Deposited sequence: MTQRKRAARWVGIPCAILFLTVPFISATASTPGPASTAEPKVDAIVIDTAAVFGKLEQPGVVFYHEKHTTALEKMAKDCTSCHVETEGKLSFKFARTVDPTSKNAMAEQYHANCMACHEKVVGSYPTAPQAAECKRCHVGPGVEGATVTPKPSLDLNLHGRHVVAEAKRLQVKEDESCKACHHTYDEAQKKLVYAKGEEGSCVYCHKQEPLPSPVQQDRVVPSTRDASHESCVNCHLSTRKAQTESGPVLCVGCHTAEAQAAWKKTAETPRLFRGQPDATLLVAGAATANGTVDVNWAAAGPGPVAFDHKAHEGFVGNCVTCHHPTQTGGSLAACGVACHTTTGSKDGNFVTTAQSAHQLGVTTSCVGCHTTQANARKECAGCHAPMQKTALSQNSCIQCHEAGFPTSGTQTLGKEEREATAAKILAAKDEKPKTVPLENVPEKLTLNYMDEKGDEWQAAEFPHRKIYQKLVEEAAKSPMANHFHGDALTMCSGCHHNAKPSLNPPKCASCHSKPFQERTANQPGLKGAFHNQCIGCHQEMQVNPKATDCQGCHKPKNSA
């Protein structure tokens, strides 16, 4: 839980460790040192305004010997000189005070600091306001590429994108015999140094301590503008994603014979706002990443090396990831408390046969070849998406029983369960109705009903739970309980997912104790 926890293992690049791991606590220290009216330079070399976030050095020593001695030295040097103030400061033979063993860096578990589109926009405005320039001139402040034939780092206008396309978890080989620093290292050097030097210049700034970037609670407090500006890199507003062979033009030669279940009209513009960043989809790869169209060179009907042989279908369909359409949507439906009551118990391993047609369009040609340029795809799509721009439907309340008393099950111990059926259906619907994804993929008004009344044709008079769950045991499938289990698992299961009362232990909340 400790986002300020740093696991110092700098010296394992030399091979197996001799000792249990160190775990330095950045806040204990920053708190202590800010008391002593001592700033960051107490532990970090400042070179022309810019701090290094290496501990008490600018270079890493080249033997284990030297590194470990430099650590010990600089660590215990300050301890020695604050013995008066902090007599409890670990001393040297006190191996376990520093080598405490296994650790978790809190920040590795908490959610990532990122510049989402709204926050990114604030940085563009602030940087522009600082350099007293028009927004398009701000980018050079932060975005760069290495020029081999110029020996330095330059701003490549029109090549901006996520830092992670070069700054990765395991750093890439530089050109060059050095590394491109990791995401973690590039981010700290970059983000915090700028935040520090703007707090110094006493302008409005961002966080410099661990808790400010790495706890959900600080993240939640970050200011958002009322409007998010468009971050425009040549993306379409809508495009048609179609089976066939696509050249870098965006041109696809399509054989309509080969193309079923049908082209997908994708709302790119809506997604930038639904997702709130670009990299979640235009993901970093082992070697790089780009804002490139997924399907041109990387994800093909067959599967190319450039996309690790992940096919078009797979890149759209794969479960268990947020990079694909179905993967992201089902990730959300199962994570959100308002969706998870119906979605968590659904099977997690197959794509639903009901879902195909909510993405794949009908009524395109079923044979013939056609060349579709980029602009014709994007035009057709925008027209398909607006023409569905549909009032979604729910079941008239008069068709939804109001309240039910359930008395299916002597040697009993409980009265009949009272069950506020219409009010629950209303709450579930009113919350799903906030989600354009729910409203689209629900389709029919009867669908939501199926979250409880499942495994049968949708109906306004669905069968009784007993009709399937009171069947003899040898007739039920393995995950098809008897009737008490059906009710308990579905009722209580949803209450536990959605965090609603009565809780599983609040027996009497559903059924009052019996009068024997």
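Absent C-alpha positions map to the deposited sequence ranges 1-39, 216-217, 451-452, 560, in order along the chain.
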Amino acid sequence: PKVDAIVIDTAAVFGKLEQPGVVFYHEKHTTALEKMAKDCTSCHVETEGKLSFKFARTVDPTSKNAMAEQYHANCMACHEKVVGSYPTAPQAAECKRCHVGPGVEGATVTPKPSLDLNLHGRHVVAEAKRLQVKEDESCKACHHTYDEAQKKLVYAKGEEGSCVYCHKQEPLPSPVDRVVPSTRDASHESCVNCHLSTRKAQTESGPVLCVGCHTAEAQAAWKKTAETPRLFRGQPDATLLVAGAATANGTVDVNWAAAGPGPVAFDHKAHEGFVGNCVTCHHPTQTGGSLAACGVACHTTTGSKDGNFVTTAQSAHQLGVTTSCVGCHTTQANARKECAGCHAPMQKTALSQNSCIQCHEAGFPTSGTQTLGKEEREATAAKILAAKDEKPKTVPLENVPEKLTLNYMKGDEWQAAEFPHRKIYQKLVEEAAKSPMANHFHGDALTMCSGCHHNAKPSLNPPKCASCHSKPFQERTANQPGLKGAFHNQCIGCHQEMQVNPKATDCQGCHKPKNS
From here on, numbers count along this sequence of modelled residues.
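For the pair 5-13 and 489-497, the mean Cα B-factor is higher in 5-13. Once the C-alpha B-factors are averaged per stretch, 268-276 and 241-249 rank with 241-249 first. In the deposited coordinates, the residue among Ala417, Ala316, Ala149, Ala259 with the greatest CA B-factor is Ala149.
Highest CA B-factor among the listed residues (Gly443, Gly103, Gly327, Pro113): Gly103.
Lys64: CA B factor in the highest third of modelled residues in this chain (values from the PDB entry). When the modelled residues of the chain are ordered by their C-alpha B factor, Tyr408 lands in the middle third. Ranked against the other modelled residues of its chain, the C-alpha B-factor of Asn354 as given in the entry falls in the middle third.
Remark: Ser52 belongs to the middle third of its chain, ranked by C-alpha B-factor as recorded. Per the PDB record, residue ranking by Cα B-factor puts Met346 in the lowest third of the chain.
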